[PDB]
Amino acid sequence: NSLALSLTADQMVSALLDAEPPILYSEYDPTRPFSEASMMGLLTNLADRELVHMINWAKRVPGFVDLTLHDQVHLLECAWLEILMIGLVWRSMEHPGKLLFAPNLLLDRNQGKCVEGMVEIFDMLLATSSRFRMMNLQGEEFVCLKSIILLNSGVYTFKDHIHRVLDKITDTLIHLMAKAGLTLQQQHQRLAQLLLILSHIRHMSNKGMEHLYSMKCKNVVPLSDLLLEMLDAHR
């Protein structure tokens, strides 16, 4: 028996907010124009350092530590790029047209054209960021969506305890909307809109996963051993 189900909705928000990973920085060489290997090398280095914090963020998600080590590995292996992308989308909220990969690394659509096939994923990420901005996504809602992605994206690729925590985060999401003054009709409508965006985040992840599989086969930008493990888990 875990302890996530016993936590209050406010105690659920505080635990997720306190587990938030930091906003990392990219390498500080000022070269605004990028090549294909230059841009992918910076993102690969950044994503590799972000995975280490995500792994420790996952351990501090209520209910995740109560899972089997294998079940913990499975959920992170399938949702890792989704979690990175929804974090990238969230940081880019107050930067329309830009993707804030790091405070010292903002990229636009023209930047994604330096890597073939990545400008298409850029538009999807920028569209999701504009969608979060349109809905006035709160940070308390964002940390709930991240933990939902972690526990849901791989729950059918195996279970009852995971759905119990997923229902707990649902109660937590409703708690936030009822506190903001939204009516009952506005609660489940905003809840639906938020969860529907997760379908696009999954889509962007699968598209991004194939893009990284293409970069591996190009064998120009060297991937880290940890990234190769998270990448090989998708075949």
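All residue numbers refer to positions in the sequence shown, first residue = 1.
Enquirer: I'd like to know whether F132, which is modelled here, goes unmodelled in a third or more of the other compared entries that cover its flanking residues.
Expert: No.
Enquirer: Is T157 a gap in at least one third of the other compared entries?
Expert: In at least a third of the comparable entries (those modelling both sides of it), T157 has no coordinates.
Enquirer: From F158 to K159, how many deposited residues does the entry skip: none, 1 to 3, 4 to 9, or 10 or more?
Expert: A long stretch, 10 or more residues, is missing between them.
Enquirer: So, looking at the entry's B-factor column for Cα atoms, which has the higher mean, 23 to 31 or 51 to 59?
Expert: Result: 23 to 31.
Enquirer: In the PDB record, does 85 to 93 or 115 to 123 carry the higher mean Cα temperature factor?
Expert: Of 115 to 123 and 85 to 93, the stretch with the higher C-alpha B-factor average is 115 to 123.
Enquirer: Highest CA temperature factor in the entry: which of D108, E77, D71, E141?
Expert: The C-alpha B-factor peaks, among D108, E77, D71, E141, at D108.
Enquirer: Of the three thirds of its chain by CA temperature factor, lowest, middle or highest, which one includes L195?
Expert: Within its chain, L195 is a lowest-third residue by C-alpha B-factor, going by the deposited values.
Enquirer: Relative to the other modelled residues in the chain, which third contains the C-alpha temperature factor of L17: lowest, middle or highest?
Expert: As the PDB entry reports it, the C-alpha B-factor of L17 lands in the middle third of its chain.
Enquirer: Select lowest, middle or highest to describe the third in which the CA B-factor of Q189 falls within its chain in this entry.
Expert: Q189: CA B-factor falls in the middle third of its chain.
Enquirer: Looking at the temperature factor on the CA atom of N45, which third of the chain's modelled residues does it land in?
Expert: It belongs to the lowest third of the chain when residues are ordered by C-alpha B-factor.
Enquirer: Mind checking which third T183 falls in for C-alpha B-factor across the chain?
Expert: Highest third.
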